[PDB]
$ cat structure_16.csv   # CSV, C-alpha atoms
chain,number,residue,atom,x,y,z
A,1,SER,CA,0.0,0.0,0.0
A,2,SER,CA,1.3,3.4,-0.9
A,3,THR,CA,-0.9,5.1,1.7
A,4,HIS,CA,2.2,6.4,3.6
A,5,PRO,CA,3.9,9.7,2.8
A,6,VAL,CA,7.0,8.5,4.7
A,7,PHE,CA,5.2,9.9,7.9
A,8,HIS,CA,6.0,13.4,6.9
A,9,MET,CA,8.3,13.0,3.9
A,10,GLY,CA,11.0,12.4,6.5
A,11,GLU,CA,11.0,12.6,10.3
A,12,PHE,CA,12.3,9.0,10.5
A,13,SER,CA,16.0,8.8,11.5
A,14,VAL,CA,18.8,6.3,11.2
A,15,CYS,CA,17.9,5.3,14.8
A,16,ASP,CA,14.8,5.5,16.9
A,17,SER,CA,15.1,8.0,19.7
A,18,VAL,CA,12.6,8.8,22.5
A,19,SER,CA,12.6,12.3,24.0
A,20,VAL,CA,10.8,12.5,27.4
A,21,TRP,CA,10.4,15.5,29.7
A,22,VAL,CA,11.1,13.9,33.0
A,23,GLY,CA,10.2,15.6,36.2
A,24,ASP,CA,10.3,12.4,38.4
A,25,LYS,CA,14.0,12.4,38.2
A,26,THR,CA,15.0,11.9,41.8
A,27,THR,CA,18.8,11.4,41.3
A,28,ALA,CA,21.4,12.7,38.9
A,29,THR,CA,25.1,13.0,38.8
A,30,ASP,CA,26.6,16.5,38.8
A,31,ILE,CA,29.5,17.3,36.5
A,32,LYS,CA,31.9,17.0,39.5
A,33,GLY,CA,30.7,13.4,40.0
A,34,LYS,CA,28.3,14.2,42.8
A,35,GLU,CA,25.1,12.0,42.9
A,36,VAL,CA,22.4,14.5,43.9
A,37,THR,CA,18.7,14.4,44.6
A,38,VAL,CA,16.9,16.2,41.8
A,39,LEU,CA,13.8,18.2,42.5
A,40,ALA,CA,10.8,18.1,40.1
A,41,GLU,CA,10.2,21.7,41.0
A,42,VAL,CA,12.8,24.4,41.7
A,43,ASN,CA,12.3,26.0,45.1
A,44,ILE,CA,14.5,29.0,45.3
A,45,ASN,CA,13.1,31.3,48.0
A,46,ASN,CA,9.5,32.2,47.2
A,47,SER,CA,9.3,31.0,43.6
A,48,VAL,CA,8.5,27.4,42.4
A,49,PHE,CA,9.0,26.5,38.8
A,50,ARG,CA,8.4,23.1,37.2
A,51,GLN,CA,11.8,22.5,35.5
A,52,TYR,CA,11.6,19.0,33.9
A,53,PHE,CA,14.4,17.5,31.8
A,54,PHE,CA,14.4,16.5,28.1
A,55,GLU,CA,15.9,13.1,28.2
A,56,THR,CA,16.3,11.6,24.7
A,57,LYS,CA,17.0,7.9,25.1
A,58,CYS,CA,17.6,5.2,22.5
A,59,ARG,CA,14.5,3.1,21.8
A,60,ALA,CA,16.8,0.6,20.1
A,61,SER,CA,20.6,0.3,20.2
A,62,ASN,CA,20.4,-1.3,16.8
A,63,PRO,CA,17.2,-0.6,14.8
A,64,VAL,CA,18.3,-3.2,12.3
A,65,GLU,CA,20.3,-6.4,13.0
A,66,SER,CA,23.5,-5.1,11.7
A,67,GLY,CA,23.7,-1.4,12.7
A,68,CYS,CA,21.5,1.5,11.7
A,69,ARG,CA,18.9,1.8,8.9
A,70,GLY,CA,20.3,2.7,5.5
A,71,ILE,CA,23.9,2.2,6.7
A,72,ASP,CA,26.1,-0.2,4.8
A,73,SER,CA,26.6,-2.6,7.7
A,74,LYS,CA,29.3,-4.4,5.7
A,75,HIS,CA,31.8,-1.6,5.8
A,76,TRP,CA,30.2,0.4,8.6
A,77,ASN,CA,29.4,-1.0,12.0
A,78,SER,CA,26.8,1.1,13.8
A,79,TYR,CA,25.1,1.4,17.2
A,80,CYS,CA,23.0,4.1,18.9
A,81,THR,CA,24.9,5.9,21.7
A,82,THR,CA,22.9,8.0,24.1
A,83,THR,CA,24.8,11.2,24.6
A,84,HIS,CA,25.0,12.6,28.2
A,85,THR,CA,25.1,16.3,28.9
A,86,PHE,CA,25.2,18.4,32.1
A,87,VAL,CA,22.2,20.6,32.7
A,88,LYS,CA,21.8,23.4,35.2
A,89,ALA,CA,19.2,22.1,37.7
A,90,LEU,CA,18.4,22.9,41.3
A,91,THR,CA,19.4,19.8,43.1
A,92,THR,CA,20.1,18.8,46.7
A,93,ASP,CA,23.1,16.7,47.7
A,94,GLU,CA,21.4,16.0,51.0
A,95,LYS,CA,19.5,18.9,52.6
A,96,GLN,CA,20.8,21.9,50.6
A,97,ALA,CA,19.1,22.8,47.3
A,98,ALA,CA,21.7,24.3,45.0
A,99,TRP,CA,22.1,24.9,41.2
A,100,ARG,CA,24.3,22.2,39.8
A,101,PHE,CA,24.9,20.6,36.4
A,102,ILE,CA,23.6,17.1,36.2
A,103,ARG,CA,24.0,14.5,33.5
A,104,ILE,CA,20.9,13.8,31.4
A,105,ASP,CA,20.5,12.0,28.1
A,106,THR,CA,20.3,14.7,25.5
A,107,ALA,CA,20.4,12.7,22.3
A,108,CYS,CA,20.7,9.2,20.7
A,109,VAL,CA,23.3,9.2,18.0
A,110,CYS,CA,24.2,6.5,15.5
A,111,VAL,CA,27.9,6.1,15.5
A,112,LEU,CA,29.8,4.5,12.6
A,113,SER,CA,32.9,2.4,12.7
A,114,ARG,CA,34.9,0.8,9.9
A,115,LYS,CA,34.8,-2.4,12.0
A,116,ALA,CA,38.6,-2.6,11.6
A,117,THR,CA,40.7,-2.8,14.8
A,118,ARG,CA,44.3,-1.7,14.8
B,1,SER,CA,48.0,4.2,5.4
B,2,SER,CA,46.4,2.1,8.1
B,3,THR,CA,47.6,4.4,10.9
B,4,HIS,CA,44.0,5.3,11.8
B,5,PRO,CA,42.0,3.3,14.4
B,6,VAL,CA,38.8,4.9,13.1
B,7,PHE,CA,39.6,7.8,15.5
B,8,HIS,CA,38.5,5.7,18.5
B,9,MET,CA,37.0,2.6,16.8
B,10,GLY,CA,33.9,4.7,16.3
B,11,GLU,CA,32.9,8.2,17.5
B,12,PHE,CA,32.3,9.2,13.8
B,13,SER,CA,28.6,9.6,13.1
B,14,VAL,CA,26.3,9.6,10.0
B,15,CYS,CA,26.5,13.4,10.2
B,16,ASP,CA,29.0,15.9,11.6
B,17,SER,CA,27.7,17.8,14.6
B,18,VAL,CA,29.3,20.6,16.6
B,19,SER,CA,28.3,21.0,20.2
B,20,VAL,CA,29.3,24.4,21.7
B,21,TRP,CA,28.7,25.7,25.2
B,22,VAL,CA,27.5,29.2,24.3
B,23,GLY,CA,27.4,31.9,26.9
B,24,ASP,CA,27.3,34.8,24.5
B,25,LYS,CA,23.7,34.1,23.6
B,26,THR,CA,22.0,37.4,23.8
B,27,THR,CA,18.6,36.5,22.4
B,28,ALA,CA,16.5,33.3,22.4
B,29,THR,CA,12.8,32.5,21.8
B,30,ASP,CA,10.9,31.2,24.8
B,31,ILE,CA,8.5,28.3,24.3
B,32,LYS,CA,5.6,30.8,24.3
B,33,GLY,CA,7.2,32.5,21.4
B,34,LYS,CA,8.8,35.4,23.3
B,35,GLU,CA,12.1,36.7,22.0
B,36,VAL,CA,14.0,37.4,25.1
B,37,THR,CA,17.4,38.6,26.1
B,38,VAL,CA,19.6,35.8,27.4
B,39,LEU,CA,22.1,36.4,30.2
B,40,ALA,CA,25.5,34.7,30.2
B,41,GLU,CA,25.3,34.6,34.0
B,42,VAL,CA,22.2,34.1,36.1
B,43,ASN,CA,21.6,36.9,38.5
B,44,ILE,CA,18.9,35.8,41.0
B,45,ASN,CA,19.3,37.9,44.1
B,46,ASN,CA,22.8,37.5,45.5
B,47,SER,CA,24.0,34.6,43.5
B,48,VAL,CA,25.6,34.6,40.1
B,49,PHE,CA,26.1,31.4,38.1
B,50,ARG,CA,27.6,30.9,34.6
B,51,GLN,CA,24.9,28.9,32.9
B,52,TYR,CA,26.0,28.5,29.3
B,53,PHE,CA,24.0,26.5,26.7
B,54,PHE,CA,25.0,23.3,24.9
B,55,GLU,CA,24.1,24.1,21.3
B,56,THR,CA,24.8,21.2,18.9
B,57,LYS,CA,24.6,22.5,15.4
B,58,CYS,CA,25.1,20.8,12.0
B,59,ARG,CA,28.6,21.3,10.6
B,60,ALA,CA,27.2,20.0,7.4
B,61,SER,CA,23.6,19.5,6.3
B,62,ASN,CA,24.8,16.8,3.9
B,63,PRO,CA,28.2,15.2,4.8
B,64,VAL,CA,28.1,13.5,1.4
B,65,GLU,CA,26.6,14.8,-1.8
B,66,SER,CA,23.5,12.5,-1.6
B,67,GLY,CA,22.6,12.5,2.0
B,68,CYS,CA,24.4,11.0,5.0
B,69,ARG,CA,27.5,8.8,5.2
B,70,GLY,CA,26.8,5.1,4.8
B,71,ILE,CA,23.2,5.7,3.9
B,72,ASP,CA,21.9,4.2,0.7
B,73,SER,CA,21.1,7.5,-0.9
B,74,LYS,CA,19.3,5.7,-3.8
B,75,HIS,CA,16.4,4.5,-1.6
B,76,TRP,CA,16.9,6.9,1.3
B,77,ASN,CA,17.2,10.7,1.0
B,78,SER,CA,18.9,12.1,4.0
B,79,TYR,CA,19.7,15.5,5.5
B,80,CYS,CA,20.9,16.8,8.9
B,81,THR,CA,18.2,18.5,10.9
B,82,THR,CA,19.1,20.5,13.9
B,83,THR,CA,16.7,19.8,16.7
B,84,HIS,CA,15.5,22.6,18.9
B,85,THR,CA,14.6,22.2,22.5
B,86,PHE,CA,13.4,24.6,25.2
B,87,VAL,CA,15.8,25.1,28.1
B,88,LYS,CA,15.2,26.7,31.5
B,89,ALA,CA,17.3,29.8,31.5
B,90,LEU,CA,17.2,33.1,33.3
B,91,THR,CA,16.2,35.6,30.6
B,92,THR,CA,15.0,39.1,30.4
B,93,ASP,CA,12.2,40.1,28.0
B,94,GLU,CA,13.2,43.7,28.6
B,95,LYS,CA,14.1,44.7,32.2
B,96,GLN,CA,12.9,41.7,34.1
B,97,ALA,CA,15.1,38.7,34.6
B,98,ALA,CA,12.8,35.6,34.8
B,99,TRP,CA,13.3,31.8,34.4
B,100,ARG,CA,11.9,30.9,31.0
B,101,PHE,CA,12.3,28.1,28.5
B,102,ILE,CA,14.3,29.1,25.4
B,103,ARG,CA,14.9,27.2,22.2
B,104,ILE,CA,18.4,26.0,21.7
B,105,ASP,CA,19.9,23.6,19.2
B,106,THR,CA,20.2,20.3,21.2
B,107,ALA,CA,21.2,17.9,18.5
B,108,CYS,CA,21.8,17.3,14.8
B,109,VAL,CA,19.9,14.3,13.4
B,110,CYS,CA,20.2,12.6,10.1
B,111,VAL,CA,16.6,12.1,8.8
B,112,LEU,CA,15.8,9.5,6.3
B,113,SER,CA,13.1,9.7,3.6
B,114,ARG,CA,12.1,7.2,0.9
B,115,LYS,CA,12.2,10.1,-1.5
B,116,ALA,CA,8.7,9.2,-2.6
B,117,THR,CA,6.0,11.8,-2.5
B,118,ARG,CA,2.3,10.9,-2.2
$ encode --input "structure_16.csv" --output "structure tokens"
Amino acid sequence: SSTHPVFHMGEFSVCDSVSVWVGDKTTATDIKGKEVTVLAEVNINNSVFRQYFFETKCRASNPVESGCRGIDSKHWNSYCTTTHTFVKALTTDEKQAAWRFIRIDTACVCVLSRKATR
Amino acid sequence: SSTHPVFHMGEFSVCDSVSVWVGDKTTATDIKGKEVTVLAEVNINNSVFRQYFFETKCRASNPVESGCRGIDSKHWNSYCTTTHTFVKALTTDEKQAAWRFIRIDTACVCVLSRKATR
């Protein structure tokens, strides 16, 4: 059936990623390597904001049984790597809410390798 | 010459992306569609933090003259789309610094299309 305009003449990617705005994140690692308790809402003094985090995870580490879709999996070995970044969030290491930079999954990238070790 | 272990037996992606931590971002659009002046440092009351933004842009919209590297550009048409996300930043719409959600470039994804219009 030709009743499919490729979703939206595109949109599909080499790998399937899922981006979720997580607020129920209770723990995250700061850039300094500190595992801290993350707050769903930022309580500064008299202001509460729902911050949330856009965590883009890999739905599949290998959309196809060889690597990524479209990729010549004979010369190129592929896998979906979830990239971690450090985001400015109000987090508490114990009983002190402070603005830190915590690692969240920002994207899911398909990496290519020539599958040739040296 | 075989003096190349594929950089790090991988790392290379279908598309070339550049992730920069920008602090000199003076303007950004809030999720509500408000063009606001972005501050390099967040001045709340008596606390100044250097926030910065991780903007991952596309170094090339088409790494190869057909689509993306490895992709069968005969059945799949490809191009690198820079994904925009809204990040919680202290921004001023004029003379009021407030925590808003501004669109930054978070990733550069290679999208695939069957190059077949319906």
$ closest_residue --input "structure_16.csv" --among "A:41, A:55, A:72, A:24" --to "chain B" --atoms "only C-alpha atoms"
A:72
$ calpha_fit_and_write --input "structure_16.csv" --fixed "chain B" --moving "chain A" --output "PDB file with C-alpha atoms, keeping the file's coordinate frame"
ATOM      1  CA  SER A   1      47.970   4.168   5.413  1.00  0.00           C
ATOM      2  CA  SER A   2      46.371   2.104   8.104  1.00  0.00           C
ATOM      3  CA  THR A   3      47.609   4.436  10.846  1.00  0.00           C
ATOM      4  CA  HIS A   4      43.987   5.305  11.863  1.00  0.00           C
ATOM      5  CA  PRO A   5      41.997   3.294  14.397  1.00  0.00           C
ATOM      6  CA  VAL A   6      38.785   4.891  13.059  1.00  0.00           C
ATOM      7  CA  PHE A   7      39.552   7.806  15.580  1.00  0.00           C
ATOM      8  CA  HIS A   8      38.439   5.705  18.450  1.00  0.00           C
ATOM      9  CA  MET A   9      36.982   2.600  16.811  1.00  0.00           C
ATOM     10  CA  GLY A  10      33.896   4.750  16.303  1.00  0.00           C
ATOM     11  CA  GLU A  11      32.995   8.266  17.446  1.00  0.00           C
ATOM     12  CA  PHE A  12      32.292   9.278  13.817  1.00  0.00           C
ATOM     13  CA  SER A  13      28.546   9.633  13.063  1.00  0.00           C
ATOM     14  CA  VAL A  14      26.337   9.592  10.013  1.00  0.00           C
ATOM     15  CA  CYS A  15      26.542  13.426  10.174  1.00  0.00           C
ATOM     16  CA  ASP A  16      29.005  15.883  11.575  1.00  0.00           C
ATOM     17  CA  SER A  17      27.667  17.735  14.568  1.00  0.00           C
ATOM     18  CA  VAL A  18      29.295  20.571  16.578  1.00  0.00           C
ATOM     19  CA  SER A  19      28.379  20.961  20.254  1.00  0.00           C
ATOM     20  CA  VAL A  20      29.296  24.413  21.694  1.00  0.00           C
ATOM     21  CA  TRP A  21      28.663  25.771  25.188  1.00  0.00           C
ATOM     22  CA  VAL A  22      27.499  29.220  24.355  1.00  0.00           C
ATOM     23  CA  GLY A  23      27.353  31.890  26.960  1.00  0.00           C
ATOM     24  CA  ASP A  24      27.279  34.876  24.475  1.00  0.00           C
ATOM     25  CA  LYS A  25      23.774  34.043  23.608  1.00  0.00           C
ATOM     26  CA  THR A  26      22.074  37.401  23.820  1.00  0.00           C
ATOM     27  CA  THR A  27      18.624  36.415  22.384  1.00  0.00           C
ATOM     28  CA  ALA A  28      16.464  33.326  22.432  1.00  0.00           C
ATOM     29  CA  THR A  29      12.887  32.500  21.872  1.00  0.00           C
ATOM     30  CA  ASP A  30      10.873  31.218  24.839  1.00  0.00           C
ATOM     31  CA  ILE A  31       8.485  28.317  24.374  1.00  0.00           C
ATOM     32  CA  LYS A  32       5.545  30.808  24.316  1.00  0.00           C
ATOM     33  CA  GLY A  33       7.173  32.538  21.314  1.00  0.00           C
ATOM     34  CA  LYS A  34       8.705  35.356  23.302  1.00  0.00           C
ATOM     35  CA  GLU A  35      12.114  36.648  21.960  1.00  0.00           C
ATOM     36  CA  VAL A  36      14.067  37.330  25.164  1.00  0.00           C
ATOM     37  CA  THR A  37      17.474  38.661  26.063  1.00  0.00           C
ATOM     38  CA  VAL A  38      19.546  35.816  27.453  1.00  0.00           C
ATOM     39  CA  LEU A  39      22.033  36.431  30.198  1.00  0.00           C
ATOM     40  CA  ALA A  40      25.476  34.725  30.163  1.00  0.00           C
ATOM     41  CA  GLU A  41      25.256  34.626  33.915  1.00  0.00           C
ATOM     42  CA  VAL A  42      22.158  34.044  36.061  1.00  0.00           C
ATOM     43  CA  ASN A  43      21.599  36.862  38.534  1.00  0.00           C
ATOM     44  CA  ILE A  44      18.950  35.793  40.925  1.00  0.00           C
ATOM     45  CA  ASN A  45      19.300  37.905  44.080  1.00  0.00           C
ATOM     46  CA  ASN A  46      22.789  37.517  45.522  1.00  0.00           C
ATOM     47  CA  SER A  47      24.001  34.516  43.531  1.00  0.00           C
ATOM     48  CA  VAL A  48      25.633  34.576  40.014  1.00  0.00           C
ATOM     49  CA  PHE A  49      26.123  31.366  38.150  1.00  0.00           C
ATOM     50  CA  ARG A  50      27.622  30.957  34.676  1.00  0.00           C
ATOM     51  CA  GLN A  51      24.846  28.941  32.933  1.00  0.00           C
ATOM     52  CA  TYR A  52      25.978  28.492  29.277  1.00  0.00           C
ATOM     53  CA  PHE A  53      24.016  26.467  26.717  1.00  0.00           C
ATOM     54  CA  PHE A  54      25.026  23.278  24.844  1.00  0.00           C
ATOM     55  CA  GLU A  55      24.121  24.103  21.334  1.00  0.00           C
ATOM     56  CA  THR A  56      24.783  21.179  18.953  1.00  0.00           C
ATOM     57  CA  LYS A  57      24.626  22.512  15.412  1.00  0.00           C
ATOM     58  CA  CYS A  58      25.087  20.750  12.081  1.00  0.00           C
ATOM     59  CA  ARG A  59      28.567  21.244  10.611  1.00  0.00           C
ATOM     60  CA  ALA A  60      27.158  19.974   7.320  1.00  0.00           C
ATOM     61  CA  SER A  61      23.538  19.494   6.223  1.00  0.00           C
ATOM     62  CA  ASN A  62      24.769  16.797   3.905  1.00  0.00           C
ATOM     63  CA  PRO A  63      28.182  15.269   4.769  1.00  0.00           C
ATOM     64  CA  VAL A  64      28.124  13.485   1.447  1.00  0.00           C
ATOM     65  CA  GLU A  65      26.569  14.728  -1.834  1.00  0.00           C
ATOM     66  CA  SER A  66      23.582  12.569  -1.643  1.00  0.00           C
ATOM     67  CA  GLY A  67      22.555  12.396   2.051  1.00  0.00           C
ATOM     68  CA  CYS A  68      24.419  10.992   5.019  1.00  0.00           C
ATOM     69  CA  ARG A  69      27.505   8.724   5.172  1.00  0.00           C
ATOM     70  CA  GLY A  70      26.790   5.020   4.856  1.00  0.00           C
ATOM     71  CA  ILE A  71      23.143   5.668   3.892  1.00  0.00           C
ATOM     72  CA  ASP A  72      21.860   4.198   0.666  1.00  0.00           C
ATOM     73  CA  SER A  73      21.111   7.538  -0.977  1.00  0.00           C
ATOM     74  CA  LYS A  74      19.272   5.712  -3.772  1.00  0.00           C
ATOM     75  CA  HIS A  75      16.391   4.554  -1.661  1.00  0.00           C
ATOM     76  CA  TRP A  76      16.959   6.883   1.281  1.00  0.00           C
ATOM     77  CA  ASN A  77      17.179  10.629   0.993  1.00  0.00           C
ATOM     78  CA  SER A  78      18.919  12.162   3.999  1.00  0.00           C
ATOM     79  CA  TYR A  79      19.724  15.568   5.512  1.00  0.00           C
ATOM     80  CA  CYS A  80      20.908  16.745   8.947  1.00  0.00           C
ATOM     81  CA  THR A  81      18.150  18.523  10.928  1.00  0.00           C
ATOM     82  CA  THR A  82      19.177  20.516  13.952  1.00  0.00           C
ATOM     83  CA  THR A  83      16.714  19.722  16.673  1.00  0.00           C
ATOM     84  CA  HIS A  84      15.470  22.665  18.853  1.00  0.00           C
ATOM     85  CA  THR A  85      14.608  22.226  22.494  1.00  0.00           C
ATOM     86  CA  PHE A  86      13.436  24.606  25.255  1.00  0.00           C
ATOM     87  CA  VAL A  87      15.817  25.051  28.141  1.00  0.00           C
ATOM     88  CA  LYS A  88      15.171  26.656  31.497  1.00  0.00           C
ATOM     89  CA  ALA A  89      17.308  29.839  31.474  1.00  0.00           C
ATOM     90  CA  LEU A  90      17.122  33.131  33.310  1.00  0.00           C
ATOM     91  CA  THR A  91      16.259  35.554  30.620  1.00  0.00           C
ATOM     92  CA  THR A  92      14.929  39.109  30.428  1.00  0.00           C
ATOM     93  CA  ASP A  93      12.166  40.140  28.038  1.00  0.00           C
ATOM     94  CA  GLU A  94      13.158  43.744  28.583  1.00  0.00           C
ATOM     95  CA  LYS A  95      14.140  44.734  32.138  1.00  0.00           C
ATOM     96  CA  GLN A  96      12.858  41.752  34.175  1.00  0.00           C
ATOM     97  CA  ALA A  97      15.096  38.681  34.569  1.00  0.00           C
ATOM     98  CA  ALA A  98      12.880  35.628  34.830  1.00  0.00           C
ATOM     99  CA  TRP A  99      13.266  31.809  34.352  1.00  0.00           C
ATOM    100  CA  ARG A 100      11.917  30.897  30.970  1.00  0.00           C
ATOM    101  CA  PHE A 101      12.381  28.061  28.475  1.00  0.00           C
ATOM    102  CA  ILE A 102      14.248  29.120  25.414  1.00  0.00           C
ATOM    103  CA  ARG A 103      14.907  27.269  22.197  1.00  0.00           C
ATOM    104  CA  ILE A 104      18.477  26.038  21.694  1.00  0.00           C
ATOM    105  CA  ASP A 105      19.910  23.529  19.256  1.00  0.00           C
ATOM    106  CA  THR A 106      20.253  20.331  21.192  1.00  0.00           C
ATOM    107  CA  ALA A 107      21.216  17.887  18.480  1.00  0.00           C
ATOM    108  CA  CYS A 108      21.868  17.351  14.714  1.00  0.00           C
ATOM    109  CA  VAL A 109      19.990  14.359  13.461  1.00  0.00           C
ATOM    110  CA  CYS A 110      20.140  12.638  10.089  1.00  0.00           C
ATOM    111  CA  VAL A 111      16.655  12.111   8.895  1.00  0.00           C
ATOM    112  CA  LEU A 112      15.756   9.519   6.239  1.00  0.00           C
ATOM    113  CA  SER A 113      13.103   9.686   3.600  1.00  0.00           C
ATOM    114  CA  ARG A 114      12.086   7.171   0.947  1.00  0.00           C
ATOM    115  CA  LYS A 115      12.227  10.097  -1.519  1.00  0.00           C
ATOM    116  CA  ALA A 116       8.704   9.117  -2.647  1.00  0.00           C
ATOM    117  CA  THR A 117       5.991  11.820  -2.495  1.00  0.00           C
ATOM    118  CA  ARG A 118       2.356  10.872  -2.254  1.00  0.00           C
TER     119      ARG A 118
END
$ interface_residues --input "structure_16.csv" --of "chain A" --to "chain B" --cutoff "7 Å" --atoms "all atoms listed in the file" --output "ChimeraX atom specification"
/A:5-6,9-14,51,70-72,76,88,107,110-114,117-118
$ write_last_selection --input "structure_16.csv" --atoms "C-alpha atoms" --output "JSON list (two decimals), keeping the file's coordinate frame"
[["chain", "number", "residue", "atom", "x", "y", "z"],
["A", 5, "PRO", "CA", 3.90, 9.70, 2.80],
["A", 6, "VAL", "CA", 7.00, 8.50, 4.70],
["A", 9, "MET", "CA", 8.30, 13.00, 3.90],
["A", 10, "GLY", "CA", 11.00, 12.40, 6.50],
["A", 11, "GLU", "CA", 11.00, 12.60, 10.30],
["A", 12, "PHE", "CA", 12.30, 9.00, 10.50],
["A", 13, "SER", "CA", 16.00, 8.80, 11.50],
["A", 14, "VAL", "CA", 18.80, 6.30, 11.20],
["A", 51, "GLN", "CA", 11.80, 22.50, 35.50],
["A", 70, "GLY", "CA", 20.30, 2.70, 5.50],
["A", 71, "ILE", "CA", 23.90, 2.20, 6.70],
["A", 72, "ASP", "CA", 26.10, -0.20, 4.80],
["A", 76, "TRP", "CA", 30.20, 0.40, 8.60],
["A", 88, "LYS", "CA", 21.80, 23.40, 35.20],
["A", 107, "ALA", "CA", 20.40, 12.70, 22.30],
["A", 110, "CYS", "CA", 24.20, 6.50, 15.50],
["A", 111, "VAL", "CA", 27.90, 6.10, 15.50],
["A", 112, "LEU", "CA", 29.80, 4.50, 12.60],
["A", 113, "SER", "CA", 32.90, 2.40, 12.70],
["A", 114, "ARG", "CA", 34.90, 0.80, 9.90],
["A", 117, "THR", "CA", 40.70, -2.80, 14.80],
["A", 118, "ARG", "CA", 44.30, -1.70, 14.80]]
$ residues_near_point --input "structure_16.csv" --point "(20.9, 35.1, 30.9)" --cutoff "7 Å" --atoms "all atoms listed in the file" --output "list in words"
residues 37, 38, 39, 40, 41, 42, 89, 90 and 91 of chain B
$ atom_distance --input "structure_16.csv" --atom1 "atom CA of residue 33 of chain A" --atom2 "atom CA of residue 102 of chain B"
27.0 Å
$ closest_residue --input "structure_16.csv" --among "B:1, B:82, B:36, B:57" --to "residue 21 of chain B" --atoms "all atoms listed in the file"
B:57
$ closest_residue --input "structure_16.csv" --among "B:17, B:84, B:94, B:28" --to "residue 56 of chain B" --atoms "only C-alpha atoms"
B:17
$ atom_distance --input "structure_16.csv" --atom1 "atom CA of residue 105 of chain A" --atom2 "atom CA of residue 20 of chain B"
16.5 Å
$ atom_distance --input "structure_16.csv" --atom1 "atom CA of residue 22 of chain A" --atom2 "atom CA of residue 64 of chain A"
27.8 Å
